[PDB]
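Worksheet: one structure, shown below.
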Amino acid sequence: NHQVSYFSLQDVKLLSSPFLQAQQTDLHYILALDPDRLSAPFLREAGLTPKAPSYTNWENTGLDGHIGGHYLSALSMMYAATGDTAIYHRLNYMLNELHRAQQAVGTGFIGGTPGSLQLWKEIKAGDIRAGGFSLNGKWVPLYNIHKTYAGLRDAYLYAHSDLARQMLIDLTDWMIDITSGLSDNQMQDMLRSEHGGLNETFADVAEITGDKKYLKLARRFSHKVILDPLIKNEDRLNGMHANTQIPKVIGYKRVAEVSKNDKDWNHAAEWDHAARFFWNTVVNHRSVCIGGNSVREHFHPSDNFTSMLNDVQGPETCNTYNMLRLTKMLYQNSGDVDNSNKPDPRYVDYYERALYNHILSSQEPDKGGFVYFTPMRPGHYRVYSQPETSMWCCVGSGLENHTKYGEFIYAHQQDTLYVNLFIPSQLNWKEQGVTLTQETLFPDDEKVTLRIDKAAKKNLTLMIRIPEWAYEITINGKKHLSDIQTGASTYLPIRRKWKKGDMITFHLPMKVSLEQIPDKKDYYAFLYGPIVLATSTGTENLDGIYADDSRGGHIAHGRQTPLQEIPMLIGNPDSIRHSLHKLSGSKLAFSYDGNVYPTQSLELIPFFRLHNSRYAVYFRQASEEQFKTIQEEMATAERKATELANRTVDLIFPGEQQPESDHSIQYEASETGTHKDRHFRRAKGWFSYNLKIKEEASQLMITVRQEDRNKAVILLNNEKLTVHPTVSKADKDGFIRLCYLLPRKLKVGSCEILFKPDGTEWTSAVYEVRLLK
Ligand SMILES: *[C@H]1[C@H](O)[C@H](O)[C@@H](O)[C@@H]1CO
Ligand SMILES: [Zn+2]
């Protein structure tokens, strides 16, 4: 009787704000893409003639088709949000091209993976050769086809396309046939390969059709090794690839939702709970101040953020896009699950933190371009995509992000409206005969006004979110005072027979806070209200800040600044917090007026506004007592680590999917794993990469474990490396570096590196491959 609903994008008009800017910039980027290049893989796999070459980058190195899927979703949501005619022409054309591809094969299959029909013939026969990122020699093909399922779902739900609906059902029936001869054990083996959110999309088809066969399919596509610990409130996520898991959990939640009234299956509450526990553990233990998670795409231990503070590959944007999708699902029925009948605004505090500080920051606001990694290492920078060069996962999610800022501003519950986000907007609440405008300069000002533009004098309750970070309201010039009931996130209820012209005004008091890195190392970020602040540390060596189509072009490969050159805050955390002063002006800006080492007064602005520069979000802190020892470590060990990084020509992390894929991983009889938080690969046959040599290289460094008795032969362009390596002292965790001084410098270009056993059963387990000048 008390279900909470969301509004359609059609019903929520963004008014001038950073969000409308971001929407419009993404519109331009979406329209820049050539649909004939995005459709080319699909036509190819159907036996038709493409009209143009595919894009390059990931669209011709094995993930061919994935951006086309995202492109359907982004066009559909952007069309719902704007009604843009150019967007509709592109969406109609892409749907009709993919429909031609589907009809040419006639089975329901649509896809771009090279050799798609052969792949799925093998799978259907039970020839399943799964790795974490591969299936039968192909790059995450389940993940790829997921973006088509999702794209066709979105064309139906957002753009009302019946053609998309039929294409989606045919493609789902095709998968029923592919999996009809597979045991649950074979399915769970195949699901070891990254598969995006297929369980979610199959549950979506169940709801669209009302046919439970699609819910049985969704459950078959639910990865049990991940689900089962979550049911039991066990976080087993250390070392896992993070964006692989989040869509699975979204899927468990969606299966639970669509299964709410399924008399033949009794697990909905358990699967809902698994998702709510997953959210809790990631948000509360694995997330930084901007709302993101992971380092080099993987979950590190929650008690050790060292790599988050040292690596240039900070949180990945996809992961936050997916955590926000989950957040929206969990919030909707939070009141049903806790039998309060009011949803839990703690979900909204997270949503706001991640939306303003990560999603909004992840697009260059003027020109466009999407961020993959956001370093938390002080003094680095982030790289942006370009429309015709960049075909990354974070481009696909990037296209979607800025279409849909209207989706979570408000929620409705019969005669109740939840005012969740303080984003300028006009709402059509047709269910209660109301049109309302939210006017605010937030976060640059504290005042919010809600204006009733149209109403039918129903008694309605406005539930205004009072964030934990933030009671007098004004109605029509009259002050109404209410008692604070909790310092926690809560709602302030205001019920009236609203009429045209009524005005509700409230203020959100904003304070400076200082948020420590979660493992309580000596690094802190400044916030103002929910806004993460940052300082610009310079504009030198921003190499590849607008990416080309190269493998690895999503990473900020420019020079690493030694930490002793970046401002370090001297003193205790309360003194440091008190030393940040707000500057006068209509935009947020702050001066840091305490002691900084080395001296440059620092200016801080919102991180979402900091572009085309190096930055610090987290600052290293030093007590006056520990300064001498801290500075000596920064001047010696940290400086030397930075020098090694700055002599590095190429770098591979064996066992990490994207580093391996960017270096054209090949293998025979190989396995991967983790030891002491580091990934490896080893083989009984062999494994190989291509090294990309931008500058001549002199030295190869291989990281292994001292205790490993297995040895590798190394071939460079099929010539055995016979020079004797120098061997480093073992570190704390038992890792050593083998340093080979190459007999001849390696030429600029590409060089195969191949590892095969040297008399032993396996190669050494290799944890890092580094090429140096
Ligand atoms: C980016 C994102 O993490 C996706 O899940 C993955 O397939 C891609 C590269 O690893
Ligand atoms: Zn990504």
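Following the order of the structure tokens, chains are lettered A, B, ..., residues in each are numbered from 1, and ligands are numbered from 1.
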| query | If we count only C-alpha atoms, what is near residue 18 (chain A) at a cut-off of 12 Å, once residues fewer than 3 positions away on the same chain are taken out, given as a PyMOL selection string? | reply | chain A and resi 14-15+21-25+355-357+359-361+363-366+402+405+422-425+440-444+606+608-609
For the selection you just gave me, I'd like the residues written to a file as a compact mmCIF listing (two decimals), in the first residue's frame, keeping N, CA, C and O atoms.
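Okay, again-v6.txt is ready:
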```
# COMPACT_ATOMS: atom_id res chain seq x y z
N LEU A 14 16.03 19.16 -16.06
CA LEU A 14 17.14 19.85 -15.42
C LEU A 14 17.13 21.32 -15.83
O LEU A 14 16.96 21.64 -17.03
N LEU A 15 17.31 22.18 -14.85
CA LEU A 15 17.53 23.61 -15.04
C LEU A 15 19.01 23.93 -14.89
O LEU A 15 19.83 23.02 -14.60
N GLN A 21 24.86 21.20 -17.62
CA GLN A 21 26.08 21.32 -18.41
C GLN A 21 26.59 19.93 -18.79
O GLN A 21 26.91 19.69 -19.95
N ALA A 22 26.67 19.04 -17.80
CA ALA A 22 27.20 17.70 -18.05
C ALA A 22 26.30 16.92 -19.03
O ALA A 22 26.86 16.22 -19.92
N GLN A 23 25.00 17.05 -18.90
CA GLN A 23 24.05 16.43 -19.84
C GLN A 23 24.36 16.91 -21.26
O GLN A 23 24.43 16.08 -22.20
N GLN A 24 24.44 18.21 -21.44
CA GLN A 24 24.62 18.81 -22.77
C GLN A 24 25.98 18.41 -23.36
O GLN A 24 26.05 18.19 -24.59
N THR A 25 27.01 18.38 -22.53
CA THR A 25 28.34 17.98 -23.03
C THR A 25 28.29 16.51 -23.50
O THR A 25 28.82 16.17 -24.58
N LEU A 355 27.75 10.98 -6.73
CA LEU A 355 27.28 11.66 -7.94
C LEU A 355 28.00 12.98 -8.12
O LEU A 355 28.45 13.26 -9.25
N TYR A 356 28.13 13.77 -7.06
CA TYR A 356 28.79 15.08 -7.21
C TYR A 356 30.30 14.89 -7.39
O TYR A 356 30.94 15.67 -8.10
N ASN A 357 30.91 13.95 -6.65
CA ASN A 357 32.38 13.95 -6.52
C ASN A 357 33.03 13.00 -7.51
O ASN A 357 34.31 13.11 -7.71
N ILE A 359 30.95 10.89 -10.32
CA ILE A 359 30.33 10.88 -11.66
C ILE A 359 30.49 12.26 -12.30
O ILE A 359 30.96 12.35 -13.44
N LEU A 360 30.11 13.32 -11.63
CA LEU A 360 30.18 14.68 -12.18
C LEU A 360 31.62 15.06 -12.52
O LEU A 360 31.84 15.71 -13.54
N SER A 361 32.59 14.59 -11.73
CA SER A 361 34.01 14.94 -11.97
C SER A 361 34.59 14.18 -13.14
O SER A 361 35.72 14.54 -13.58
N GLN A 363 33.78 13.71 -16.32
CA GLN A 363 33.63 14.22 -17.69
C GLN A 363 34.25 15.61 -17.75
O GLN A 363 33.85 16.48 -16.96
N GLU A 364 35.09 15.83 -18.74
CA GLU A 364 35.61 17.19 -18.98
C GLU A 364 34.41 18.06 -19.37
O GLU A 364 33.69 17.75 -20.31
N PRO A 365 34.11 19.12 -18.59
CA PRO A 365 32.80 19.76 -18.67
C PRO A 365 32.56 20.59 -19.92
O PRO A 365 31.39 20.85 -20.28
N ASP A 366 33.64 21.09 -20.52
CA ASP A 366 33.52 22.01 -21.67
C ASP A 366 33.57 21.21 -22.99
O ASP A 366 32.72 21.40 -23.88
N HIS A 402 25.55 10.70 -17.83
CA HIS A 402 25.13 12.11 -17.79
C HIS A 402 23.78 12.25 -18.49
O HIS A 402 23.27 13.36 -18.54
N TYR A 405 20.77 12.22 -14.86
CA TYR A 405 20.82 12.95 -13.57
C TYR A 405 19.41 13.28 -12.99
O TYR A 405 19.29 13.51 -11.80
N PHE A 422 19.52 18.09 -4.27
CA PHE A 422 19.32 19.54 -4.35
C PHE A 422 19.82 20.04 -5.69
O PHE A 422 20.77 20.82 -5.76
N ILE A 423 19.14 19.58 -6.74
CA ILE A 423 19.54 19.83 -8.13
C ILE A 423 18.43 20.66 -8.80
O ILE A 423 17.28 20.20 -8.84
N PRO A 424 18.74 21.84 -9.35
CA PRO A 424 17.74 22.65 -10.05
C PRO A 424 16.98 21.83 -11.11
O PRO A 424 17.61 21.19 -11.96
N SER A 425 15.66 21.88 -11.05
CA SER A 425 14.85 20.95 -11.83
C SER A 425 13.39 21.39 -11.77
O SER A 425 12.94 22.02 -10.77
N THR A 440 17.98 26.48 -6.79
CA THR A 440 19.10 26.50 -5.85
C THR A 440 20.40 26.72 -6.62
O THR A 440 20.55 26.17 -7.72
N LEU A 441 21.35 27.36 -5.95
CA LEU A 441 22.73 27.43 -6.45
C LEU A 441 23.62 26.39 -5.78
O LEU A 441 24.86 26.42 -6.01
N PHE A 442 23.03 25.51 -4.98
CA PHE A 442 23.77 24.46 -4.27
C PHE A 442 24.67 23.78 -5.28
O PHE A 442 24.23 23.41 -6.39
N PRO A 443 25.96 23.51 -4.97
CA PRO A 443 26.57 23.70 -3.64
C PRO A 443 27.22 25.07 -3.32
O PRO A 443 27.84 25.20 -2.26
N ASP A 444 27.05 26.05 -4.22
CA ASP A 444 27.69 27.36 -4.06
C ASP A 444 26.88 28.24 -3.10
O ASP A 444 27.38 29.31 -2.72
N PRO A 606 36.09 22.83 -5.51
CA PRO A 606 35.45 21.51 -5.61
C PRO A 606 36.23 20.68 -6.63
O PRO A 606 36.52 21.11 -7.75
N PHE A 608 35.06 18.42 -8.54
CA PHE A 608 34.32 18.27 -9.80
C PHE A 608 34.65 19.38 -10.82
O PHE A 608 34.33 19.25 -12.01
N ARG A 609 35.14 20.51 -10.32
CA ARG A 609 35.53 21.67 -11.15
C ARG A 609 37.00 21.66 -11.53
O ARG A 609 37.42 22.56 -12.22
```
| request: Enumerate as a list in words the residues within 6 Å of ligand 2, counting only C-alpha atoms and all ligand atoms. | output: residues 316, 317, 318, 372, 393 and 394 of chain A
| message | Excluding region 108-122 of chain A and its own-chain neighbours fewer than 6 positions away, which residues fall within 9 Å of it when counting only C-alpha atoms? Please give them as JSON, numbers by chain. | response | {"A": [39, 40, 41, 42, 43, 44, 45, 46, 59, 60, 62, 63, 64, 65, 66, 68, 98, 99, 101, 102, 128, 135, 136, 137, 138, 139, 141, 144, 145, 148, 167, 168, 169, 170, 171, 172, 173, 174, 175, 178]}
| said: Can you work out which residues are within 8 Å of ligand 1, considering only C-alpha atoms and all ligand atoms, and then hand them over as an MDAnalysis selection string? | reply: chainID A and resid 133 140 143 194 196 241:244 297 316 318:319 392:394 657:658
Using only C-alpha atoms, tabulate the residues of region 307-398 of chain A lying at most 9 Å from any atom of region 272-278 of chain A, each with its closest atom pair and that distance in Å to one decimal, by chain and increasing residue number, as a Markdown table.
```
| residue | atom | partner | partner_atom | distance |
| --- | --- | --- | --- | --- |
| A:326 | CA | A:275 | CA | 8.0 |
| A:327 | CA | A:276 | CA | 8.9 |
| A:330 | CA | A:276 | CA | 6.6 |
| A:337 | CA | A:272 | CA | 8.9 |
```
Once you have the residues from the selection above, write them out as a CSV table (one decimal), in the first residue's frame, restricted to N, CA, C and O atoms.
```csv
chain,number,residue,atom,x,y,z
A,326,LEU,N,22.9,0.2,-8.1
A,326,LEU,CA,22.5,-0.6,-7.0
A,326,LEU,C,21.8,0.2,-5.9
A,326,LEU,O,20.8,-0.3,-5.3
A,327,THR,N,22.4,1.4,-5.6
A,327,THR,CA,21.9,2.2,-4.5
A,327,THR,C,20.4,2.5,-4.8
A,327,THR,O,19.5,2.5,-3.9
A,330,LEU,N,18.2,-0.5,-4.0
A,330,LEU,CA,18.1,-0.8,-2.5
A,330,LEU,C,17.3,0.3,-1.8
A,330,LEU,O,16.5,0.0,-0.8
A,337,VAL,N,11.6,-3.4,3.6
A,337,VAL,CA,12.5,-4.4,4.2
A,337,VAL,C,12.7,-4.1,5.7
A,337,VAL,O,12.8,-5.0,6.5
```
| request: Name all residues at most 10 Å from residue 27 (chain A) (count only C-alpha atoms; drop same-chain ones fewer than 4 positions away) and give them as number ranges by chain. | output: A: 21-23, 31-32, 74-75, 78-79, 82, 84, 86-87, 368, 399, 402-403
How about saving the chosen residues, C-alpha atoms kept, as a PDB file, in the first residue's frame?
```pdb
ATOM      1  CA  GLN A  21      26.084  21.324 -18.409  1.00  0.00           C
ATOM      2  CA  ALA A  22      27.196  17.701 -18.047  1.00  0.00           C
ATOM      3  CA  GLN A  23      24.052  16.427 -19.842  1.00  0.00           C
ATOM      4  CA  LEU A  31      26.171  12.665 -31.392  1.00  0.00           C
ATOM      5  CA  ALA A  32      29.876  12.645 -32.392  1.00  0.00           C
ATOM      6  CA  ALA A  74      22.711   6.199 -23.792  1.00  0.00           C
ATOM      7  CA  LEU A  75      20.728   7.273 -26.903  1.00  0.00           C
ATOM      8  CA  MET A  78      19.176  10.868 -23.585  1.00  0.00           C
ATOM      9  CA  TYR A  79      16.077  10.796 -25.842  1.00  0.00           C
ATOM     10  CA  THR A  82      15.681  15.733 -23.928  1.00  0.00           C
ATOM     11  CA  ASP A  84      16.448  15.567 -29.110  1.00  0.00           C
ATOM     12  CA  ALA A  86      19.210  14.064 -33.752  1.00  0.00           C
ATOM     13  CA  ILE A  87      19.378  11.505 -30.953  1.00  0.00           C
ATOM     14  CA  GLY A 368      33.735  16.338 -23.125  1.00  0.00           C
ATOM     15  CA  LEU A 399      27.876   7.830 -22.118  1.00  0.00           C
ATOM     16  CA  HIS A 402      25.128  12.110 -17.791  1.00  0.00           C
ATOM     17  CA  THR A 403      21.835  11.135 -19.508  1.00  0.00           C
TER      18      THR A 403
END
```
| Test item, helix (DSSP H, G or I) assignment across region 365-485 of chain A, answer as JSON, numbers by chain | {"A": [393, 394, 395, 396, 397, 398, 399, 400, 401, 405, 406, 407, 408, 430, 431, 432]}
Selection from above, N, CA and C atoms, as a compact mmCIF listing (two decimals), in the first residue's frame, can you write it?
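This is the output file out.txt:
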```txt
# COMPACT_ATOMS: atom_id res chain seq x y z
N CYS A 393 35.51 0.44 -21.32
CA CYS A 393 34.35 0.21 -20.44
C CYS A 393 33.86 1.54 -19.87
N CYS A 394 34.75 2.38 -19.39
CA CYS A 394 34.41 3.67 -18.78
C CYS A 394 33.91 4.69 -19.80
N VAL A 395 34.11 4.48 -21.11
CA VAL A 395 33.40 5.30 -22.10
C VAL A 395 31.96 4.83 -22.15
N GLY A 396 31.74 3.53 -22.21
CA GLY A 396 30.35 2.99 -22.29
C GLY A 396 29.52 3.46 -21.12
N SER A 397 30.00 3.29 -19.89
CA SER A 397 29.27 3.78 -18.71
C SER A 397 29.23 5.32 -18.68
N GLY A 398 30.29 5.96 -19.17
CA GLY A 398 30.35 7.41 -19.26
C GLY A 398 29.21 7.94 -20.09
N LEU A 399 28.98 7.34 -21.26
CA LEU A 399 27.88 7.83 -22.12
C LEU A 399 26.56 7.81 -21.35
N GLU A 400 26.33 6.73 -20.56
CA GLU A 400 25.08 6.58 -19.79
C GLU A 400 25.01 7.58 -18.64
N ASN A 401 26.12 7.82 -17.94
CA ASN A 401 26.08 8.59 -16.67
C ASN A 401 25.27 9.88 -16.81
N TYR A 405 20.77 12.22 -14.86
CA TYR A 405 20.82 12.95 -13.57
C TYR A 405 19.41 13.28 -12.99
N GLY A 406 18.39 13.30 -13.84
CA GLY A 406 17.03 13.53 -13.34
C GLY A 406 16.47 12.34 -12.55
N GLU A 407 17.11 11.17 -12.57
CA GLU A 407 16.43 9.92 -12.19
C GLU A 407 16.25 9.80 -10.68
N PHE A 408 17.11 10.42 -9.87
CA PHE A 408 17.11 10.17 -8.41
C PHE A 408 16.87 11.47 -7.63
N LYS A 430 2.50 14.15 -12.10
CA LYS A 430 1.14 14.09 -12.71
C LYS A 430 0.21 13.27 -11.81
N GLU A 431 0.74 12.31 -11.06
CA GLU A 431 -0.08 11.43 -10.20
C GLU A 431 -0.86 12.24 -9.17
N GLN A 432 -0.37 13.41 -8.80
CA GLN A 432 -1.06 14.23 -7.77
C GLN A 432 -1.38 15.62 -8.34
```
| task | Might you pull out every residue within 9 Å of residue 491 (chain A), with only C-alpha atoms counted and same-chain residues fewer than 5 positions away left off, and present them as a list in words? | result | residues 345, 418, 419, 463, 464, 465, 466 and 467 of chain A
| query | Which one of A:331, A:214, A:384, A:321 sits closest to residue 554 (chain A) if you count only C-alpha atoms? | reply | A:384
| Nearest to residue 320 (chain A) by atom-to-atom distance, counting only C-alpha atoms, from A:286, A:581, A:412, A:551 | A:286
| field | Picked from region 639-745 of chain A by DSSP as strand (DSSP E), as JSON, numbers by chain | value | {"A": [648, 649, 650, 651, 652, 666, 667, 668, 669, 670, 671, 672, 673, 674, 675, 678, 679, 680, 681, 682, 683, 684, 685, 686, 687, 688, 689, 690, 691, 692, 693, 697, 698, 699, 700, 701, 702, 703, 704, 705, 712, 713, 714, 715, 716, 719, 720, 726, 727, 735, 736, 737, 738, 739, 740, 741, 742, 743, 744, 745]}
